[PDB]
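First comes the structure, then the notes that go with it.
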Amino acid sequence: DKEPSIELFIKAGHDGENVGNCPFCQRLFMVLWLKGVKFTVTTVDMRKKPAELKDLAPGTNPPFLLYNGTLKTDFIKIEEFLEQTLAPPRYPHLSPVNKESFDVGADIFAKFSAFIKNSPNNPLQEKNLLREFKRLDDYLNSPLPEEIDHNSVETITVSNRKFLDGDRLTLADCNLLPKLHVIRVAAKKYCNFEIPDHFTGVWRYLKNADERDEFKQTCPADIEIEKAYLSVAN
């Protein structure tokens with residue numbers, strides 16, 4: 001058939017130049033990249049929305065998708081829609097086969113959000129976050145139901161999967177990786193917190209991510225993330 005005209009709008013951030021901090025905006029950015037379809041990206045300052053954003057602008061939030069002249073909102077509706085409209089024949093299927101891959105990377109941003117919100121509770125929060133990281137690390141270390149090798153007599157079997165679900169990026173990776181980036185930048189900057197290196201699984205996971213352009217090149221500048229979280233430390 002024919003090619004769709006697709007435009008993705010994401011928060012500009014800071015001076016209206018470069019891309020701003022929005023994990024869900026980067027997540028949609030990665031999804032369209034993995035699909036391989038032809039699309040364009042626009043950095044949009046919130047104060048002066050461009051002409052195309054005139055009619056549907058009450059308080060609508062940064063991730064915007066303009067598809068074939070039709071505006072779309074709610075990035076969750078957008079994610080499945082792109083997966084639905086981009087069919088396996090001509091485009092990949094990024095949905096993960098195991099639901100746990102989605103579930104491990106869910107509350108971690110919430111546990112971080114309470115942590116980075118500067119507050120007296122600290123060590124319980126950091127331990128709360130560290131437990132969430134170990135759950136991610138323990139899940140990443142544990143082999144999936146596709147790679148157990150039941151006959152193996154090896155005492156120790158440690159998974160070597162590059163990413164969350166398989167050896168290919170998935171929607172769970174698009175959700176988790178932008179959130180993980182914000183966690184590292186903001187926490188080290190404002191809370192002097194680093195993911196402990198003894199968390200071999202998640203540290204391995206982050207290393208494979210930076211080796212791929214789809215994640216690293218869609219990341220906002222470090223300064224953009226820090227400035228959004230300067231206020232929350234008040």
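For the structure tokens, the naming scheme is as follows: chains receive sequential letters (A, B, ...) according to their order of presentation, residues are indexed from 1 within each chain, and ligands are indexed from 1 in presentation order.
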
As a PDB file with C-alpha atoms, in the first residue's frame, which residues of range 14-201 of chain A does DSSP assign to helix (DSSP H, G or I)?
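That gives us selection-v5.pdb:
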```
ATOM      1  CA  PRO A  23      10.098   9.872  29.840  1.00  0.00           C
ATOM      2  CA  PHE A  24       6.810   9.054  28.119  1.00  0.00           C
ATOM      3  CA  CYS A  25       7.785  11.329  25.219  1.00  0.00           C
ATOM      4  CA  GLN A  26      11.095   9.499  24.746  1.00  0.00           C
ATOM      5  CA  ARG A  27       9.232   6.192  25.089  1.00  0.00           C
ATOM      6  CA  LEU A  28       7.002   6.987  22.107  1.00  0.00           C
ATOM      7  CA  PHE A  29      10.133   8.275  20.356  1.00  0.00           C
ATOM      8  CA  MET A  30      11.759   4.844  20.701  1.00  0.00           C
ATOM      9  CA  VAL A  31       8.604   2.962  19.664  1.00  0.00           C
ATOM     10  CA  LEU A  32       8.382   4.711  16.294  1.00  0.00           C
ATOM     11  CA  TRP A  33      12.129   4.185  15.789  1.00  0.00           C
ATOM     12  CA  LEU A  34      11.877   0.430  16.362  1.00  0.00           C
ATOM     13  CA  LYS A  35       8.997   0.251  13.878  1.00  0.00           C
ATOM     14  CA  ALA A  51      -0.785  26.169  14.955  1.00  0.00           C
ATOM     15  CA  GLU A  52      -1.586  22.452  14.655  1.00  0.00           C
ATOM     16  CA  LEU A  53      -2.053  22.226  18.449  1.00  0.00           C
ATOM     17  CA  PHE A  75       0.359   7.950  25.029  1.00  0.00           C
ATOM     18  CA  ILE A  76      -1.051   4.637  26.300  1.00  0.00           C
ATOM     19  CA  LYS A  77      -3.748   4.705  23.609  1.00  0.00           C
ATOM     20  CA  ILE A  78      -1.037   5.800  21.172  1.00  0.00           C
ATOM     21  CA  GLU A  79       1.327   2.916  21.972  1.00  0.00           C
ATOM     22  CA  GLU A  80      -1.145   0.135  21.222  1.00  0.00           C
ATOM     23  CA  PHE A  81      -2.467   2.061  18.233  1.00  0.00           C
ATOM     24  CA  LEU A  82       0.976   2.207  16.607  1.00  0.00           C
ATOM     25  CA  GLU A  83       1.442  -1.483  17.404  1.00  0.00           C
ATOM     26  CA  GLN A  84      -2.024  -2.185  15.977  1.00  0.00           C
ATOM     27  CA  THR A  85      -1.745  -0.002  12.858  1.00  0.00           C
ATOM     28  CA  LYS A  99       3.690  -9.952  31.118  1.00  0.00           C
ATOM     29  CA  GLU A 100       6.217  -9.891  33.966  1.00  0.00           C
ATOM     30  CA  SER A 101       8.598  -7.905  31.749  1.00  0.00           C
ATOM     31  CA  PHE A 102       6.040  -5.103  31.967  1.00  0.00           C
ATOM     32  CA  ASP A 103       5.381  -5.706  35.669  1.00  0.00           C
ATOM     33  CA  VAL A 104       8.975  -5.482  36.968  1.00  0.00           C
ATOM     34  CA  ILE A 108      10.194   1.664  40.240  1.00  0.00           C
ATOM     35  CA  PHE A 109       9.500   5.179  38.968  1.00  0.00           C
ATOM     36  CA  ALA A 110       7.007   5.652  41.811  1.00  0.00           C
ATOM     37  CA  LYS A 111       9.525   4.464  44.407  1.00  0.00           C
ATOM     38  CA  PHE A 112      12.052   6.854  42.850  1.00  0.00           C
ATOM     39  CA  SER A 113       9.528   9.717  42.728  1.00  0.00           C
ATOM     40  CA  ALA A 114       9.037   9.533  46.494  1.00  0.00           C
ATOM     41  CA  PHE A 115      12.807   9.151  46.899  1.00  0.00           C
ATOM     42  CA  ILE A 116      13.847  12.145  44.770  1.00  0.00           C
ATOM     43  CA  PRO A 123      16.976   5.514  54.141  1.00  0.00           C
ATOM     44  CA  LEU A 124      13.610   3.746  54.100  1.00  0.00           C
ATOM     45  CA  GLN A 125      12.951   5.306  50.674  1.00  0.00           C
ATOM     46  CA  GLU A 126      16.397   4.428  49.297  1.00  0.00           C
ATOM     47  CA  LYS A 127      16.018   0.910  50.681  1.00  0.00           C
ATOM     48  CA  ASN A 128      12.529   0.889  49.157  1.00  0.00           C
ATOM     49  CA  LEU A 129      14.109   1.891  45.843  1.00  0.00           C
ATOM     50  CA  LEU A 130      17.014  -0.546  46.237  1.00  0.00           C
ATOM     51  CA  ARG A 131      14.551  -3.390  46.820  1.00  0.00           C
ATOM     52  CA  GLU A 132      12.843  -2.380  43.573  1.00  0.00           C
ATOM     53  CA  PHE A 133      16.215  -2.393  41.805  1.00  0.00           C
ATOM     54  CA  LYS A 134      17.044  -5.851  43.159  1.00  0.00           C
ATOM     55  CA  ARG A 135      13.657  -7.078  41.927  1.00  0.00           C
ATOM     56  CA  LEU A 136      14.667  -5.749  38.512  1.00  0.00           C
ATOM     57  CA  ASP A 137      18.163  -7.222  38.881  1.00  0.00           C
ATOM     58  CA  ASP A 138      16.847 -10.546  40.197  1.00  0.00           C
ATOM     59  CA  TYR A 139      14.365 -10.704  37.320  1.00  0.00           C
ATOM     60  CA  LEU A 140      17.069  -9.765  34.803  1.00  0.00           C
ATOM     61  CA  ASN A 141      19.417 -12.386  36.269  1.00  0.00           C
ATOM     62  CA  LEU A 171       7.544  -2.051  24.593  1.00  0.00           C
ATOM     63  CA  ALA A 172       8.561  -2.953  28.144  1.00  0.00           C
ATOM     64  CA  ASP A 173      12.027  -1.675  27.235  1.00  0.00           C
ATOM     65  CA  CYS A 174      10.536   1.529  25.799  1.00  0.00           C
ATOM     66  CA  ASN A 175       8.666   2.032  29.072  1.00  0.00           C
ATOM     67  CA  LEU A 176      11.476   1.131  31.480  1.00  0.00           C
ATOM     68  CA  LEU A 177      14.576   2.607  29.834  1.00  0.00           C
ATOM     69  CA  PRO A 178      13.519   6.307  29.766  1.00  0.00           C
ATOM     70  CA  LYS A 179      12.400   6.021  33.391  1.00  0.00           C
ATOM     71  CA  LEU A 180      15.695   4.355  34.317  1.00  0.00           C
ATOM     72  CA  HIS A 181      17.641   7.198  32.698  1.00  0.00           C
ATOM     73  CA  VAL A 182      15.830   9.850  34.749  1.00  0.00           C
ATOM     74  CA  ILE A 183      16.464   7.807  37.913  1.00  0.00           C
ATOM     75  CA  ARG A 184      20.237   7.722  37.377  1.00  0.00           C
ATOM     76  CA  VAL A 185      20.671  11.378  36.395  1.00  0.00           C
ATOM     77  CA  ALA A 186      18.351  12.937  38.977  1.00  0.00           C
ATOM     78  CA  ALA A 187      19.320  10.748  41.945  1.00  0.00           C
ATOM     79  CA  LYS A 188      23.075  11.135  41.470  1.00  0.00           C
ATOM     80  CA  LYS A 189      22.658  14.872  40.852  1.00  0.00           C
ATOM     81  CA  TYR A 190      20.362  15.712  43.786  1.00  0.00           C
ATOM     82  CA  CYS A 191      20.530  12.690  46.124  1.00  0.00           C
ATOM     83  CA  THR A 200      25.171  -7.071  37.954  1.00  0.00           C
ATOM     84  CA  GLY A 201      21.923  -7.726  36.087  1.00  0.00           C
TER      85      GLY A 201
END
```

>> With only C-alpha atoms as the counted atoms, please give the residues lying no more than 12 Å from residue 159 in chain A, apart from itself and same-chain residues fewer than 3 positions off, as a count of residues only.
In response: 25

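Residues in contact with residue 19 in chain A at up to 6 Å, not including ones fewer than 6 positions away on its chain and judged by only C-alpha atoms, are residues 12, 13 and 220 of chain A.
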
>> Using DSSP assignments from the backbone, pull out every residue in range 49-195 of chain A that falls under strand (DSSP E) and give it to me as a PyMOL selection string.
In response: chain A and resi 64-67+70-72

Residues from the last selection, N, CA and C atoms, saved as a CSV table (one decimal), in the first residue's frame:
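Output file out37.csv is given in full below:
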```csv
chain,number,residue,atom,x,y,z
A,64,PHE,N,2.3,14.0,22.0
A,64,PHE,CA,1.3,14.2,21.0
A,64,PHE,C,1.7,13.4,19.8
A,65,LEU,N,0.7,12.8,19.1
A,65,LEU,CA,1.0,12.1,17.8
A,65,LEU,C,0.0,12.7,16.8
A,66,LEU,N,0.5,13.2,15.7
A,66,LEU,CA,-0.3,13.6,14.6
A,66,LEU,C,-0.2,12.5,13.5
A,67,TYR,N,-1.3,11.8,13.2
A,67,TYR,CA,-1.2,10.7,12.3
A,67,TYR,C,-2.2,10.9,11.1
A,70,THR,N,-4.8,13.4,11.7
A,70,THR,CA,-5.6,13.2,12.8
A,70,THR,C,-4.8,13.3,14.1
A,71,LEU,N,-5.2,14.2,15.0
A,71,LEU,CA,-4.5,14.3,16.3
A,71,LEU,C,-4.9,13.1,17.2
A,72,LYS,N,-3.9,12.7,18.0
A,72,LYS,CA,-4.1,11.6,18.9
A,72,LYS,C,-3.4,12.0,20.3
```

>> What's the separation between CA of residue 192 in chain A and CA of residue 121 in chain A, in Å to one decimal place?
In response: 15.4 Å

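We find CA of residue 90 in chain A and CA of residue 2 in chain A to be spaced 11.2 Å apart.
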
> Between CA of residue 68 in chain A and CA of residue 7 in chain A, what is the distance, to one decimal in Å?
Replying inline: 8.6 Å

>> Could you check the closest approach to residue 39 in chain A for each of A:5, A:122, A:151, A:217 and tell me which residue wins, using only C-alpha atoms?
In response: A:5

>> Applying 7 Å and only C-alpha atoms, which residues near residue 233 in chain A remain after dropping the ones on its own chain fewer than 4 positions away? List them as a PyMOL selection string.
In response: chain A and resi 117-118+229

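With only C-alpha atoms as the basis for measurement, A:91 is the residue among A:58, A:91, A:20, A:10 that approaches residue 36 in chain A most closely.
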
>> Set the distance at 7 Å and use only C-alpha atoms: which residues neighbour residue 95 in chain A once local chain neighbours fewer than 2 positions away are removed? I'd like the list as a PyMOL selection string.
In response: chain A and resi 93+97+170-171

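Across A:232, A:106, A:206, A:223, the tightest approach to residue 14 in chain A is made by A:223 when counting only C-alpha atoms.
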